[PDB]
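Chains as they are written, first to last, in the working numbering: chain A, 216 to 301; chain B, 216 to 301; chain C, 3 to 50; chain D, 43 to 89; chain E, 43 to 89.
What follows is a short report on a single structure.
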Amino acid sequence: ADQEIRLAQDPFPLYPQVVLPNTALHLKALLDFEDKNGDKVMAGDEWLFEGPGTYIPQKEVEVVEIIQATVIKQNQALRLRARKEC
Amino acid sequence: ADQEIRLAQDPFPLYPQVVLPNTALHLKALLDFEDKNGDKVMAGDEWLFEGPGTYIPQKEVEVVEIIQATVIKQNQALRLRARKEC
Amino acid sequence: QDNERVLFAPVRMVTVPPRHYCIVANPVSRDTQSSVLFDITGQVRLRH
Amino acid sequence: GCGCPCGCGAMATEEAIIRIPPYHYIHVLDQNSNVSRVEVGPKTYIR
Amino acid sequence: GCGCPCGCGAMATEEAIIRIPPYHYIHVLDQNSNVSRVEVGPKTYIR
Numbered sequence: 216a217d218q219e220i221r222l223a224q225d226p227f228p229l230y231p232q233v234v235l236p237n238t239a240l241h242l243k244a245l246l247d248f249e250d251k252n253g254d255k256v257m258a259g260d261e262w263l264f265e266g267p268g269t270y271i272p273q274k275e276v277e278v279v280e281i282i283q284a285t286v287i288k289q290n291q292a293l294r295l296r297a298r299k300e301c
Numbered sequence: 216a217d218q219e220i221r222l223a224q225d226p227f228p229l230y231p232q233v234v235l236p237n238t239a240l241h242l243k244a245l246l247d248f249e250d251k252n253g254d255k256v257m258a259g260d261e262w263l264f265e266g267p268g269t270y271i272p273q274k275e276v277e278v279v280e281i282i283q284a285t286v287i288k289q290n291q292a293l294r295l296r297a298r299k300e301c
Numbered sequence: 003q004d005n006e007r008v009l010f011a012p013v014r015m016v017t018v019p020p021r022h023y024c025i026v027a028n029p030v031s032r033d034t035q036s037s038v039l040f041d042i043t044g045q046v047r048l049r050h
Numbered sequence: 043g044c045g046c047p048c049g050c051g052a053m054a055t056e057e058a059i060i061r062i063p064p065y066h067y068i069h070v071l072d073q074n075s076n077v078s079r080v081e082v083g084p085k086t087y088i089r
Numbered sequence: 043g044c045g046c047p048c049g050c051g052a053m054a055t056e057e058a059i060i061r062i063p064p065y066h067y068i069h070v071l072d073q074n075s076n077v078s079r080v081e082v083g084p085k086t087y088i089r
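What follows is the structure, given as structure tokens:
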């Protein structure tokens with residue numbers, strides 16, 4: 216991985232990181248996933264999660280895929296199906 | 216096989232790998248098939264599988280054939296036949 | 003010297019100076035337990 | 043010699059000195075180093 | 043290049059290739075040998 220080094224001088228910081236506005240990613244084994252809060256995982260099947268954030272969506276690895284913001288308004292209703300393939 | 220070496224610097228990684236979006240391949244003996252999760256097979260007849268993924272569809276060998284994404288909408292119904300030849 | 007500002011601590015040393023053209027940033031931790039972190043250029047989260 | 047010639051000086055074998063002749067201008071360069079020594083405080087790092 | 047130039051080709055370091063430019067005539071010689079192997083019947087003598 217890289218080494219995002221953020222320095223603050225004047226009201227304009229540079230980094231040779233902010234939070235993810237209601238963003239989520241699809242956790243999986245692949246190549247682990249930690250967090251500087253308390254919990255951390257070194258393994259896993261398919262499980263997504265949202266909420267906290269310090270991670271920077273790296274074009275290299277963002278666990279699987281990334282999805283920002285909360286879309287659906289008030290009136291937007293959604294119906295879901297069971298699924299399964301083959 | 217090759218040696219896909221991924222390095223991350225800045226939000227733009229290079230590799231002199233990501234997940235397969237709902238992709239599957241047709242496992243068979245041919246030339247084995249492992250996985251860094253837990254299970255792994257060193258033999259086999261005709262059996263397909265989907266789900267996890269770290270493998271990179273190599274133009275050399277992708278087990279047999281590869282098929283990405285989930286197609287059928289909601290209303291799309293499918294009827295299947297028995298089969299068999301000769 | 004070419005812009006430096008090192009920091010020594012019990013067993014571990016933290017460096018964050020953007021020295022001239024050769025960065026001195028390389029916080030080396032020496033966990034006497036059984037681990038030795040010496041990533042000159044690795045996953046280090048610095049800030050000020 | 044006669045006239046304005048070459049831009050020679052390329053040692054072979056295990057040496058690494060290359061030649062470059064831009065429009066009749068003699069030029070030569072060495073490569074017997076390619077090692078960087080970054081002095082990180084009380085530590086001399088080499089590459 | 044322009045005109046009739048040099049007679050280069052002298053590798054240094056540990057090499058032994060010399061240059062000789064007789065009246066604008068390009069010439070070079072190697073010395074990476076200087077060892078004689080005199081086959082004296084059922085014996086190969088080297089020097």
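Each residue gets a CB set at the ideal place from its N, CA and C atoms; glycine is no exception.
Nearest-angstrom Cβ-Cβ length linking residue i and residue j, presumed shorter than 8 Å
i                      : j                      : result
residue 250 of chain B : residue 267 of chain B : 7 Å
residue 237 of chain B : residue 284 of chain B : 5 Å
residue 89 of chain D  : residue 77 of chain D  : 7 Å
residue 232 of chain B : residue 282 of chain B : With a Cβ gap of about 19 Å, residue 232 of chain B and residue 282 of chain B do not count as contacting.
residue 300 of chain A : residue 265 of chain B : 6 Å
Chain D contact for residue i (CB, 9 Å cutoff)
i                     : result
residue 86 of chain E : no
residue 34 of chain C : no
residue 83 of chain E : no
residue 8 of chain C  : yes
Closer than 9 Å to chain C by CB, residue i
i                      : result
residue 75 of chain D  : no
residue 218 of chain A : yes
residue 295 of chain A : no
Short Cβ contact (9 Å threshold) for residue i with residue j
i                      : j                      : result
residue 54 of chain D  : residue 57 of chain E  : yes
residue 240 of chain B : residue 286 of chain B : no
residue 46 of chain D  : residue 44 of chain E  : yes
residue 18 of chain C  : residue 48 of chain C  : yes
residue 30 of chain C  : residue 15 of chain C  : yes
residue 224 of chain B : residue 225 of chain A : no
residue 262 of chain A : residue 293 of chain A : no
residue 1 of chain C   : residue 222 of chain A : Nothing about residue 1 of chain C can be read from this structure; chain C reaches only from 3 to 50.
residue 46 of chain C  : residue 80 of chain D  : no
Residue-level contact to chain A via CB, residue i, 9 Å cutoff
i                      : result
residue 27 of chain C  : yes
residue 249 of chain B : no
residue 22 of chain C  : no
residue 266 of chain B : yes
residue 225 of chain B : yes
Which of helix, strand or coil DSSP assigns to residue i
i                      : result
residue 241 of chain B : strand
residue 87 of chain E  : strand
residue 271 of chain B : coil
residue 287 of chain A : coil
residue 220 of chain A : coil
residue 75 of chain D  : coil
residue 42 of chain C  : coil
residue 295 of chain B : coil
residue 235 of chain A : coil
residue 31 of chain C  : strand
Proximity test, Cβ basis, 9 Å: residue i and chain B
i                      : result
residue 229 of chain A : no
residue 271 of chain A : yes
Proximity test, Cβ basis, 9 Å: residue i and chain E
i                     : result
residue 66 of chain D : yes
residue 45 of chain D : yes
residue 57 of chain D : yes
Identified DSSP bridge partners for residue i
i                      : result
residue 264 of chain B : B:240
residue 55 of chain E  : The partner list for residue 55 of chain E (beta bridge, DSSP) is empty, contrary to what the question assumes.
residue 10 of chain C  : C:15
residue 248 of chain A : A:256
residue 81 of chain E  : E:86
residue 61 of chain E  : E:70
residue 48 of chain C  : In DSSP, residue 48 of chain C forms no bridge with anything.
Any C-beta of chain H under 9 Å from that of residue i
i                      : result
residue 260 of chain A : Looking at the structure shown, chain H is missing, and the protein chains on hand are A, B, C, D and E.
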